[PDB]
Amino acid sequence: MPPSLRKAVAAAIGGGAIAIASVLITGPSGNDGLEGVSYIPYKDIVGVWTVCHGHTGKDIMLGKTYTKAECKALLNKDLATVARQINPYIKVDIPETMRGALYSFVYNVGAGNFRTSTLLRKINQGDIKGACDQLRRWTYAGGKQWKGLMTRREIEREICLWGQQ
């Protein structure tokens, strides 16, 4: 992964899994994360209105320009939700970096998908490393494998393994 990303993540680690995921998502510069960004709401290709760093919800105001700070609060709020949604499903100790990597993965694929994942099963068997490899299976959409998802999962995979090599 880009050296600038490694560095932003390392700076974020003291903030814990939330800060780490936040960095993966926005990138150090706010433009350059794993998630696309727009300060004006837009319809994605499944017809869902999206704003900021991929925030979705019925709170989104159509004719409105969101501030950098409004977007930060939305992300924090959404990542808190991700944490609440998956943490009780994780039943072994894991590094804050892996947890952060998982918030990013789930921010993308959704908590339902996480809860029924083979990945989660591997985690709970104490198979931390193998759970990290499972990220590779999540690179398909619309019946097709996507280079952008492959890259995204390799980066998520790397933070996943940040502790263990």
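We number the residues from 1 along the sequence you see.
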| query | finding |
| --- | --- |
| Residue range whose averaged C-alpha B-factor is higher in the record, 107-115 or 52-60 | 52-60 |
| Average Cα temperature factor in the PDB entry - higher stretch of 133-141, 62-70 | 62-70 |
| For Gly14, the third of its chain into which the C-alpha B factor falls | highest |
| Entry-reported Cα temperature factor of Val37, expressed as the chain third it lands in | highest |
| Among modelled residues of the same chain, the CA temperature factor third for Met98 | middle |
| B-factor third for the C-alpha atom of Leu120 within its chain | lowest |
